[PDB]
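Everything on this sheet refers to the single structure shown next.
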Amino acid sequence: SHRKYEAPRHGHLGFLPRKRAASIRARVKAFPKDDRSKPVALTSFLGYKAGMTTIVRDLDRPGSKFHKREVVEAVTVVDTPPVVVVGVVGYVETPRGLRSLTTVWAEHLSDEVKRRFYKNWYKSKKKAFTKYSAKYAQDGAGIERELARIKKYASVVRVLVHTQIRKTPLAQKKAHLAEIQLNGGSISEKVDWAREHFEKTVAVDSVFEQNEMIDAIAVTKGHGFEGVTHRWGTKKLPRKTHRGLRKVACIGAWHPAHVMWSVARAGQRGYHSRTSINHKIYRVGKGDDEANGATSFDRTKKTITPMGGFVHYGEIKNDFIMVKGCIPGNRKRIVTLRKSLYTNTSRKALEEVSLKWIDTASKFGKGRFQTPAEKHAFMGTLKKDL
Amino acid sequence: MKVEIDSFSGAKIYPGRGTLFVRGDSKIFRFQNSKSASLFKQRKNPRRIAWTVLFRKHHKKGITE
Amino acid sequence: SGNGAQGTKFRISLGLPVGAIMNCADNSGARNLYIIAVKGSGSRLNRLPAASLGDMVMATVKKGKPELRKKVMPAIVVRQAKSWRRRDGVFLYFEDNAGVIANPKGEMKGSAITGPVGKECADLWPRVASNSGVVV
RNA sequence: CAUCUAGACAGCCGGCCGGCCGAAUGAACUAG
RNA sequence: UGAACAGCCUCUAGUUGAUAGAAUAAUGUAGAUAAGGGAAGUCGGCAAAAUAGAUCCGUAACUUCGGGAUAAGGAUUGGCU
RNA sequence: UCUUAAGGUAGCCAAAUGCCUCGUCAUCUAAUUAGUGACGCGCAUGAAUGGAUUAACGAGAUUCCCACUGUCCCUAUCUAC
RNA sequence: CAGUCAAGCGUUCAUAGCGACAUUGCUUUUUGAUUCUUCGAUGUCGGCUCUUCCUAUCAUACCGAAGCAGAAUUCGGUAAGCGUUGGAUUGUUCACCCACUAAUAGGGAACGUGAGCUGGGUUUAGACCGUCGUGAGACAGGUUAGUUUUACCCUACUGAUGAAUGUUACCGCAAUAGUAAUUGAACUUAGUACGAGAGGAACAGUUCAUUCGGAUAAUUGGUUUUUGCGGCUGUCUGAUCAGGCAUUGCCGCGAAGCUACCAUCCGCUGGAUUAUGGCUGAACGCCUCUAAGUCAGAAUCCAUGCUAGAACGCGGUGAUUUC
Numbered sequence: 002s003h004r005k006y007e008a009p010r011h012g013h014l015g016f017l018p019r020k021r022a023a024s025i026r027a028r029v030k031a032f033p034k035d036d037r038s039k040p041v042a043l044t045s046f047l048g049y050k051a052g053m054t055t056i057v058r059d060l061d062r063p064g065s066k067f068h069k070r071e072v073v074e075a076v077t078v079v080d081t082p083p084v085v086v087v088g089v090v091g092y093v094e095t096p097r098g099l100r101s102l103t104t105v106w107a108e109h110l111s112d113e114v115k116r117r118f119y120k121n122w123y124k125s126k127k128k129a130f131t132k133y134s135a136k137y138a139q140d141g142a143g144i145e146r147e148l149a150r151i152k153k154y155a156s157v158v159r160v161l162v163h164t165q166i167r168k169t170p171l172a173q174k175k176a177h178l179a180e181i182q183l184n185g186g187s188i189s190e191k192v193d194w195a196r197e198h199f200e201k202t203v204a205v206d207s208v209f210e211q212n213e214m215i216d217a218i219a220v221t222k223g224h225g226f227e228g229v230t231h232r233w234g235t236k237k238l239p240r241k242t243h244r245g246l247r248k249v250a251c252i253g254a255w256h257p258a259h260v261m262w263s264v265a266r267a268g269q270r271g272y273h274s275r276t277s278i279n280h281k282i283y284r285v286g287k288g289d290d291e292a293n294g295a296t297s298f299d300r301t302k303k304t305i306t307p308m309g310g311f312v313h314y315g316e317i318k319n320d321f322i323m324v325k326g327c328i329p330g331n332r333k334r335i336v337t338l339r340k341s342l343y344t345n346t347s348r349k350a351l352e353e354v355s356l357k358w359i360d361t362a363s364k365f366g367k368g369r370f371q372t373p374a375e376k377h378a379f380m381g382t383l384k385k386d387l
Numbered sequence: 001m002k003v004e005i006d007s008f009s010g011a012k013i014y015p016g017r018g019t020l021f022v023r024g025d026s027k028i029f030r031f032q033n034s035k036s037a038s039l040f041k042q043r044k045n046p047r048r049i050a051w052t053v054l055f056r057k058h059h060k061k062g063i064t065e
Numbered sequence: 002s003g004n005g006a007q008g009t010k011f012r013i014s015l016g017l018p019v020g021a022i023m024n025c026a027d028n029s030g031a032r033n034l035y036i037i038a039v040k041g042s043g044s045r046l047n048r049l050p051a052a053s054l055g056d057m058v059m060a061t062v063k064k065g066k067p068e069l070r071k072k073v074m075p076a077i078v079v080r081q082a083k084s085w086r087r088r089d090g091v092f093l094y095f096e097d098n099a100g101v102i103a104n105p106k107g108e109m110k111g112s113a114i115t116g117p118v119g120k121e122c123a124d125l126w127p128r129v130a131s132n133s134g135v136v137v
């Protein structure tokens, strides 16, 4: 018999299977279509989602009800210290897919990235890249030969980089290594740029710009085994249902005599990789720039870090990306920011954003103040204040 | 943008922080938090609530400044 | 939105589902309006159509003037008790639900509005703005 | 069944015929 | 305490028995709370919620005149002097 | 006029009894096969095979109203096992 | 449910839309016919929930035709990608109304779905009525009350590990399978086109919104065993302080976590095509979108992007145990 009343299906079937991510750092599956006109630059960056905060700005879209009026918007502040370039991996294109040809590493690797190559760094002999850093001796003849072979056969050039996670307040000292594709001149220009930038840092203000429309790629917040009612949003069964009501009633008809794949079933929720596109940047701050939490209208002496630090994370002391709206993943988690895959010419994305006020009130509850100076002025001198 | 003043508490309300209440007689109250909002709905006297700016003003708490 | 809505009403948190009763803010003699449907509402397997500030809903006068009673008739919600968020960032609500009786075009059947109304409703319906003593 | 270098049909031109143009064409019907 | 061999706490008396340890997933069983609306759910207000003690006021139709009646509907409630 | 032993009287009803039937009218609702009040050529109501009404009573059946609420819109969270 | 013919309707006129007398069909969504399977039981109506499929398409996309001036509407083609509701009454399928909407299209999956629910109906035993019976009793006639049992097995599905391919680690590829966005309104075009007038849009652009989906908790709201602070009752510790108990004693507030269209953000662009409209151009010296060839074009298909990564597909790289 036909379904008596039609209803849209629960959940999205294009995000299956809802299993855990392969690793805690989501892979950038696709990269912007390279053109060989603009100078060589990275097509992504690695950061750590510090948290969220509130901002005020003038909406600047003609024809709207709020044109030239205040709006309050939620933004996510991502801690993004400059990433160190450590290796160049060349890619040839084969009928079986793009295949890596060779990787050439830098002579000296930092301890925080050498930790990535061990699971038991505390007791390891730390021999990684010993017989490779010895290959840079005698003016690196093999290294230059390998780079020449990369130029000879390399259709796409990606650079291995890692985050200076020791700059973050995270407890983990094992850095994350990632491949970011170089978009720019020819293969020789790309590899020459990477060789110049061996064991050298790249800061965010050189890859991203203000009002740029980016994508955030990250593994979402894990939630363990979850019932169908919250995992797919199916209707809860009536209150008087035997054997429980947080289920799906009919999991399929008699024929086909199998449970269909498209049926909501209990399983893991969260901890999947997610690429969320079209988030606009609102401010690319500088870590060494104190009072970066103020604006031309605010003009206070407060940094982006709220009072009492970002909850569960700490303070912000490096270059950050303040991106409008939420991004997948929770705090402390690495997130890969990426340039937009298409030229988004919509008037919602072509706006010029000038932040009018950046909140710094404590995220640890309902705090009333932005700065300790403001709090002291409002509350007067306390007994502990002596 | 501008910072408001709590109607019950006197605490500053920064944009988006708190709630706004419109009584039947069109009187406008702004509450920095559910604490102040719930106290107001319970109709406790701000003059009598110890930590309120109204209580501080009445009892000259820190008024020597 | 409605057929005669004069502008765009940004989404206001729906806080008046079908079957709700809201005091007749206007002065047509009706006491309360009982919502039976909402203009512009969507469809789902069991979702109740719901109103908001400025929504034009088909309502019925359960209590009040006998000639007004016992017939369907359009109304416009002017006060909503469910707190909603303006684009300015503030969360606000009125102390009571309240609507005004009107024809489908938009003109109020009543002559004056008691109590305050919402800025969204006043902006959407010019007649409500004209007959509204205080707008907030 | 008919028209058919005793200029077929078509096409353009002149006022139903003729000029070009040279060889098959038109109608109904039957079955694979 | 209270109207009370009601409920709650204690004295004499008696037990401390019921496999246990670690974590806190889904679904459960039992207990709960929920903004706005208020039966629109469902066969059906099923389950739940609401009221509740005491004092004072007020109490309709109907009636076999006995009742209905705690009708309905309101107010007060501590401590201390 | 046929006919019976007598031919449903007083009463009551789409009633728990009415097939047609979701009868017809009114009221209740925005909308009612439900409820109630009427109409009665009642397939097939009706007089201690008891008829009609009835105050009180009812873990009986049913409708509406106020209050009330996670029954629901539309789900979320907490605790014990 | 669909064709074929055409007497007529359609002012005029068969075929814009219809279409009698007739005739050929299709479907198993009705009801029958049969009795082939099951009576050492296949749980039996409806509703709730959920998935998928069909197309004989209600709407949305692009078009063809009209008794298409506009607007509205009707017929039709490709099309099932995407949606197709809230309620009154009834157990009802059905039906009939109320109302919104772009629309409230028809169906299947053992008349989908009872070790998923419910038990309103039917469908035991109690009971009442009416008719039929002398009677026991009969009535798809009415009414009321009536236990809905078991999964830990195998498979299927959802998630989760996992042996070996010298070991171990890092960075990758991507065969394959899935896939997603949807619809409306307002302003402007413009009171313009069209029209005598009444009436009266579209293409582009802007702001939003509906339905769906993936996240996130800055804000607001919810939750409270933070039993965190404060308060309160009864009792108990001689009184005070401080506490115990009342299955978390109750109340007010309550961070953090989780969470809500009850909150916020986001949801991409290229090719090839169908229908259809065209070009060149014969067949057939004429002509024709067609036969050769070829252009634009649908919510279509395949890509871009997104998801998982074959645990028997693979690559690059590091270190690789002697006292």
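As you go down the protein sequences, you meet chains LE, LY and LX in turn. In this text, residue positions in the first sequence follow the authors' numbering: the first is 2, and each later residue adds one. In this text, residue positions in the second sequence follow the authors' numbering: the first is 1, and each later residue adds one. In this text, residue positions in the third sequence follow the authors' numbering: the first is 2, and each later residue adds one. Idealized CB from N, CA, C, for every residue including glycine.
#1: What residues from chain LY crowd round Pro117/LX, counting only those whose CB sits closer than 7 Å?
#2: When the distance is taken between beta carbons, is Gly65/LX closer than 8 Å to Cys122/LX?
#3: What residues from chain LX crowd round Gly10/LY, counting only those whose CB sits closer than 9 Å?
#4: At 4 residues or longer, and completely inside the stretch 98 to 154 of chain LE: list those alpha helix (DSSP H) runs for me, N to C.
#5: So with CB distances below 8 Å, who are the chain LY contacts of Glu96/LX?
#6: Just the chain LX side, please: which residues come within less than 9 Å of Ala8/LE by C-beta, in chain order?
#7: Please state if the CB of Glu190/LE and the CB of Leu161/LE are separated by a distance shorter than 8 Å.
#8: Taking all protein chains shown into account, decide if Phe199/LE is buried (16 or more other Cβ within 10 angstroms of its Cβ) or exposed.
#9: For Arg28/LE, which option in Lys248/LE, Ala217/LE, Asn331/LE has the closest C-alpha, if you only look at C-alpha atoms?
#10: Would you give the residue range spanned by the alpha helix (DSSP H) that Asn24/LX belongs to?
#11: Mind checking if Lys248/LE is an interface residue toward chain LX, Cβ cutoff 8 Å exclusive?
#12: Against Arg88/LX, what residues of chain LE qualify as contacts under a CB-to-CB distance less than 7 Å, listed in chain order?
#13: Check for me: the alpha helix (DSSP H) holding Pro75/LX runs from which residue to which?
#14: Specify the secondary structure class of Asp97/LX as computed by DSSP and reduced to three states.
#15: Can you list, in chain order, the residues of the stretch 7 to 25 of chain LX whose Cβ is nearer than 8 Å to any Cβ on chain LE?
#16: Please report the residue range of the beta strand (DSSP E) in which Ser274/LE lies.
#17: Spatial neighbours of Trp233/LE within its chain, please: CB distance less than 6 Å, with the 5 preceding and 5 following residues excluded, ordered by chain position.
#18: Does the distance from the CB of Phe226/LE to the CB of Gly52/LE come in under 8 Å?
#19: Starting from the beta carbon of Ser84/LX, find every residue of chain LY whose beta carbon is closer than 7 Å, and list them in chain order.
#20: Can you check whether the CB of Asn293/LE is closer than 8 Å to the CB of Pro82/LE?
#21: Please report whether the beta-carbon of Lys367/LE lies at a distance below 8 Å from any beta-carbon of chain LY.
#22: Using CA atoms only, rank isn't needed, just tell me which of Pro117/LX, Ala130/LX, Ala82/LX, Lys83/LX is closest to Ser26/LY.
#23: With a threshold of 8 Å on Cβ separation, who are the neighbours of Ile114/LX within its own chain once the five nearest residues in sequence on each side are excluded?
#24: If you drop the 5 nearest sequence neighbours on each side, which residues of the same chain put their C-beta closer than 6 Å to that of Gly223/LE?
#25: Whose C-alpha, out of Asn4/LX, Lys10/LX, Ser42/LX, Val58/LX, is nearest the C-alpha of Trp85/LX?
#26: What does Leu43/LE pair with, by DSSP beta-bridge criteria?
#27: Can you tell me whether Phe209/LE is helix, strand or coil according to DSSP?
#28: Closer than 7 Å between beta carbons: that is the criterion. Which residues of the stretch 271 to 298 of chain LE meet it against chain LY?
#29: What residue from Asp89/LX, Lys120/LX, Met57/LX has the CA that sits closest to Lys40/LX's CA?
#30: Rounded to whole angstroms, what is the Cα-Cα separation between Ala135/LE and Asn331/LE?
#31: Counting C-beta neighbours from all protein chains within 10 Å, is the total for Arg23/LY 16 or more, i.e. buried, or is it exposed?
#32: For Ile102/LX, which residues does DSSP report across the bridge?
#33: Are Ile282/LE and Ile322/LE touching if we call contact CB-CB under 8 Å?
#34: I need the straight-line Cα distance from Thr361/LE to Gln371/LE, nearest angstrom please.
#35: I need the boundaries of the beta strand (DSSP E) containing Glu74/LE, first residue and last residue.
#36: Strictly below 8 Å CB to CB, what residues from chain LY border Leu93/LX?
In short, the structure shows the following:
#1: By one-based count along the third sequence, residue 117/LX stands at place 116. Residues of chain LY passing the Cβ test: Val22, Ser26.
#2: Residue numbering aside, residue 122/LX sits at position 121 when the third sequence is read from its first letter. Residue numbering aside, residue 65/LX sits at position 64 when the third sequence is read from its first letter. For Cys122/LX and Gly65/LX, no; Cβs fall outside 8 Å.
#3: Taking the first residue of the second sequence as 1, we reach residue 10/LY at position 10. What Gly10/LY touches in chain LX: nothing, since even the nearest Cβ is about 18 Å away.
#4: 112 to 115, 131 to 134, 142 to 153
#5: Stepping through the third sequence from its first residue, residue 96/LX is reached at position 95. Within chain LY, the residues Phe21, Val22, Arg23, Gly24 have their CB atoms less than 8 Å from the CB of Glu96/LX, given in chain order.
#6: One-based indexing of the first sequence puts residue 8/LE at position 7. Those within 9 Å of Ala8/LE in chain LX are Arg45, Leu46, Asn47.
#7: Along the first sequence, read from residue 1 onward, the residue named residue 161/LE stands at position 160. Along the first sequence, read from residue 1 onward, the residue named residue 190/LE stands at position 189. Going by C-beta atoms, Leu161/LE is not nearer than 8 Å to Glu190/LE.
#8: Here residue 199/LE corresponds to residue number 198 of the first sequence, with the count starting at 1. So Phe199/LE ends up on the buried side.
#9: The residue you call residue 28/LE lines up with position 27 of the first sequence. The candidate whose alpha carbon is nearest that of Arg28/LE is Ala217/LE.
#10: Taking the first residue of the third sequence as position 1, residue 24/LX is located at position 23. No alpha helix (DSSP H) holds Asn24/LX; the beta strand (DSSP E) holding it covers 22 to 25.
#11: The residue given as residue 248/LE occupies position 247 in the first sequence. So, not an interface residue.
#12: The sequence position of residue 88/LX within the third sequence is 87, counting from 1. By Cβ distance, chain LE contributes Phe67, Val72.
#13: As a first step, residue 75/LX must be located in the third sequence, where it is residue number 74. Segment 73 to 80 is the beta strand (DSSP E) holding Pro75/LX; no alpha helix (DSSP H) there.
#14: If you number the third sequence from 1, residue 97/LX lands on position 96. Reduced to three states, the DSSP call for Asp97/LX is coil.
#15: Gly8, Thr9, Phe11
#16: For the purposes of this step, residue 274/LE is taken as residue 273 along the first sequence, with counting starting at 1. Segment 274 to 286, the beta strand (DSSP E) holding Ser274/LE.
#17: As a working note, residue 233/LE is residue 232 in the first sequence. Taking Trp233/LE as the centre and dropping the five residues before and after it, the same chain places the C-beta of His11, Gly12, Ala265 closer than 6 Å to its C-beta, in chain order.
#18: For the purposes of this step, residue 226/LE is taken as the residue at position 225 of the first sequence. For the purposes of this step, residue 52/LE is taken as the residue at position 51 of the first sequence. No, these two residues do not count as a Cβ contact at 8 Å.
#19: Your numbering for residue 84/LX matches position 83 in the third sequence. Going along chain LY in sequence order, the residues near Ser84/LX (Cβ under 7 Å) are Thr19.
#20: Sequence index remark: in the first sequence, residue 82/LE carries index 81 (1-based). Sequence index remark: in the first sequence, residue 293/LE carries index 292 (1-based). The Cβ-Cβ distance between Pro82/LE and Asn293/LE does not fall below 8 Å.
#21: Position 366 of the first sequence, counting from 1, holds the residue named residue 367/LE. Yes, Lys367/LE counts as interfacial toward chain LY.
#22: Reading the second sequence from its first residue, position 26 is the one you call residue 26/LY. It is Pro117/LX.
#23: Sequence index remark: in the third sequence, residue 114/LX carries index 113 (1-based). Once the five neighbours on either side are set aside, the close Cβ partners of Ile114/LX are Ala26, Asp27, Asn28, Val79, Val101, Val129, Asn132, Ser133, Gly134.
#24: Taking the first residue of the first sequence as 1, we reach residue 223/LE at position 222. Counting only Cβ-Cβ distances below 6 Å, and skipping sequence neighbours, we find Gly271, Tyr272.
#25: In the third sequence, the residue the question calls residue 85/LX occupies position 84. Per the Cα distances, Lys10/LX.
#26: What you label residue 43/LE is simply residue 42 of the first sequence in a count that begins at 1. According to DSSP, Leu43/LE bridges with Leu183/LE.
#27: By 1-based counting over the first sequence, the position of residue 209/LE is 208. Here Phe209/LE sits in coil by DSSP.
#28: Those would be none; no residue qualifies.
#29: Locating residue 40/LX in the third sequence gives position 39, where the first residue counts as 1. Here the closest residue by C-alpha is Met57/LX.
#30: Counted from its first residue, the first sequence places residue 135/LE at position 134. Counted from its first residue, the first sequence places residue 331/LE at position 330. Those two C-alpha atoms are separated by around 41 Å.
#31: In the second sequence, residue 23/LY corresponds to position 23, counting from 1. With fewer than 16 other Cβ atoms within 10 Å, it is exposed.
#32: To locate residue 102/LX, count along the third sequence from 1; it is residue 101. The partner list for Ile102/LX (beta bridge, DSSP) reads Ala76/LX.
#33: Taking the first sequence and counting its residues from 1, one reaches residue 282/LE at position 281. Taking the first sequence and counting its residues from 1, one reaches residue 322/LE at position 321. For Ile282/LE and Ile322/LE, yes; Cβs fall inside 8 Å.
#34: Sequence index remark: in the first sequence, residue 361/LE carries index 360 (1-based). Sequence index remark: in the first sequence, residue 371/LE carries index 370 (1-based). Each residue's alpha carbon lies about 5 Å from the other.
#35: Sequence index remark: in the first sequence, residue 74/LE carries index 73 (1-based). First-last of the beta strand (DSSP E) with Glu74/LE: 70 to 80.
#36: Position 92 of the third sequence, counting from 1, holds the residue named residue 93/LX. Neighbours of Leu93/LX on chain LY, chain order: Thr19, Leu20, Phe21, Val22.
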